[PDB]
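Please find one structure pasted underneath; my questions will follow.
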Amino acid sequence: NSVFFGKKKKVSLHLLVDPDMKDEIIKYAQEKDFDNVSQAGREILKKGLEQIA
Amino acid sequence: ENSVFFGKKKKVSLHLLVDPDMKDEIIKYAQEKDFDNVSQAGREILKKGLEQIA
DNA sequence: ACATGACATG
DNA sequence: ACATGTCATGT
């Protein structure tokens, strides 16, 4: 991850979520990701994905 | 308005950049489970992820 | 590049 | 009210 030559750019993920859900993600971002919400969203999505398989 | 009084919550925008590989995975899940509705797949996935945390 | 939203079509 | 995308502005 992070910066390096040829690294593929990220793609826009845009969706509507419940207020409570977005708030949990924001709190999580402030405590673990330096308030970077999109970073927090990826970590949580990754955690959600391994629960699928 | 009405639905509001009974607890129906208006959804809010979550906009973030994701690695192309992860999006392909959210999309494959949307295909298998939500009739390709990526937003709905993202909610279900995010919820499972949040359930870990707390 | 990336992070956030405001615009902008179906 | 949703779903998805592209612009635009400040990092």
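Note on naming: letters A, B, ... go to the chains in the order of the sequence lines (proteins, then strands), and numbering restarts at 1 for each one. Atom set for the values below is all heavy atoms of this structure, side chains included, hydrogens, waters and symmetry mates excluded.
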Can you list every salt bridge (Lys or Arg N to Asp or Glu O under 4.0 Å) pair that touches residues 30-44 of chain A, not counting sequence neighbours?
none
Pull out every protein N or O sitting under 3.5 Å from an N or O of nucleotides 5-9 of chain D, one pair per line with the distance.
| unit_1 | atom_1 | unit_2 | atom_2 | d |
| --- | --- | --- | --- | --- |
| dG5(D) | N7 | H14(A) | ND1 | 3.0 |
| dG5(D) | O6 | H14(A) | ND1 | 3.2 |

Stacking test, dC2(D) against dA1(D): centre separation of the six-membered rings below 5.5 Å and plane angle below 30 degrees, yes or no?
no
Check this for me: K7(A), atom NZ, are more than 12 non-hydrogen atoms of other residues, nucleotides or ligands nearer than 6.0 Å?
yes
Can you list the stems that include DNA chain D, where a stem is three or more consecutive Watson-Crick or G-U pairs with distances under 3.5 Å?
C:1-10 with D:2-11
Identify the heavy atoms of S38(A) and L16(B) that sit nearest to each other, and give their distance.
CB-CB, 3.2 Å
Euclidean distance, atom CG of residue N2(B) to atom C1' of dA1(D) [Å, nearest integer]:
14 Å
Nearest-0.5 Å distance that lies between atom CD1 in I27(B) and atom CE in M22(B)
11.5 Å
Which salt bridge (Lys or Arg N to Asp or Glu O under 4.0 Å) pairs, counting each pair once, include a residue from residues 17-28 of chain A, with sequence neighbours left out?
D18(A)-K11(B), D20(A)-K9(B), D23(A)-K27(A)
Sorted by first residue and then second, give each side chain to side chain donor-acceptor pair (under 3.5 Å) pair with at least one member in residues 45-54 of chain B; sequence neighbours left out.
none
Here the gap from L14(B) atom CG to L16(A) atom CG, rounded to the nearest 0.5 Å, amounts to 9.5 Å
Quick test of your reading: applying ring pair (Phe, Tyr, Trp, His ring centres under 6.0 Å), list the pairs with at least one residue in residues 6-31 of chain A, sequence neighbours left out, ordered by first then second residue.
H14(A)-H15(B)
Mind calculating the distance between NZ (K8(B)) and P (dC2(D)) to the nearest angstrom?
6 Å
Hydrophobic clusters join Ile, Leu, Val, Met, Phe, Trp and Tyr when side-chain heavy atoms are under 4.5 Å apart, directly or via other members; which others share one with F5(B)?
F6(B)
Looking at residues 29-45 of chain B, who's got a heavy atom less than 4.0 Å off DNA chain C?
none
Quick one: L15(A) CG to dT4(D) P, roughly how many Å, whole number?
8 Å
Distance from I45(B) atom CD1 to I26(B) atom CD1, nearest 0.5 Å?
5.0 Å
